[PDB]
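First, one chain by itself: the form deposited in one PDB entry, in structure tokens.
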């Protein structure tokens, strides 16, 4: 599960001046540089001048203000679950750490004691590290639900539902909260209702993965609709949150595992068990990233500025999608390209085949995944024409099948 990071390493070492990194989902400005969000520079300065801050261990489960703030962002300020004190939060090492802690919990305490046979269902296709994290937790039966229909380039809703109907009771279902990685296609709210209905009837466990809240619609509230719907339907569930993308805090490793239970006693028990799992993994979590997020989200002014920074990223992505589609169309590139602008989040699942990716990587020094996934936030007004013309070359020169064409 380390392909994107190897892609980045190959890109850095490449001497060719034309090179473009469209692999890893990391935001870039229109001049192709990292963007430290304005709200983050401001809160960092406030931390650097605040002499009451010490370096003593945080609690095992982490910084209380951060955990509350994060769960609130997922669930909404007026969530009934918050009001009924049936919500817990475990500060984690980014989204990955939240998924891993959640996985280790389920493998020890869920559906019996030390049950490694509980099926875990992930999307077809999904993030590379999903299978790897759940296998590391010791789960033996990892399965796929139909998701991507490559013919219609949207959701195979009937397949998805049918796979969930046939899942053994109590199976764990890893659901992308919004901004599906890699397809950029999410269920509509009406589709989510049908999914939830099947999960409720078959007692399936929702394990949400929320790594991109803000990037699907530009609006934090709207991107959490599905999480909030599952709360309202009476589910207990996990939701692994990352702030790597929406705060641009990749290298400070800031995540939160939100837990929604039936009652406060449920949460107290789950959390006391999570303490043991954290202790034998990283002991307790790092402070800097969590303090930046806690400060931002607990202050109405910084919060508003932050949501404006997220909107800025989401809007730049929209523009890059429109521009790429337009240039491919003006070049008369074969096939249709509306899927570039239909898809949402950070990525486009372009539909290019593995030989077309190989051409782009080795001949044109444009780095993307063998699947055809690109990071749309890697495109810029300066690289767009090179990327479009290169895709055109690949699509016209490299056939799907060498013979019979």
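Residue numbers count along the first chain shown, from 1.
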property: Stretch exceeding the other in mean C-alpha B-factor - 326 to 334, 261 to 269; result: 261 to 269
property: Stretch with the greater mean C-alpha B-factor as recorded in the entry, comparing 236 to 244 against 147 to 155; result: 147 to 155
property: Residue with highest C-alpha B-factor in the PDB entry, from 283, 309, 126, 194; result: 194
property: Which of 278, 133, 107, 179 ranks first by CA B-factor in the deposited coordinates; result: 179
property: Residue 384 by Cα B-factor - lowest, middle or highest third of the modelled chain; result: middle
property: Within-chain third of residue 42 by Cα B-factor, per the entry; result: highest
property: Residue 171 by Cα B-factor - lowest, middle or highest third of the modelled chain; result: lowest
property: Modelled-residue ranking by C-alpha temperature factor, third containing residue 88; result: middle
property: B-factor third for the C-alpha atom of residue 369 within its chain; result: middle
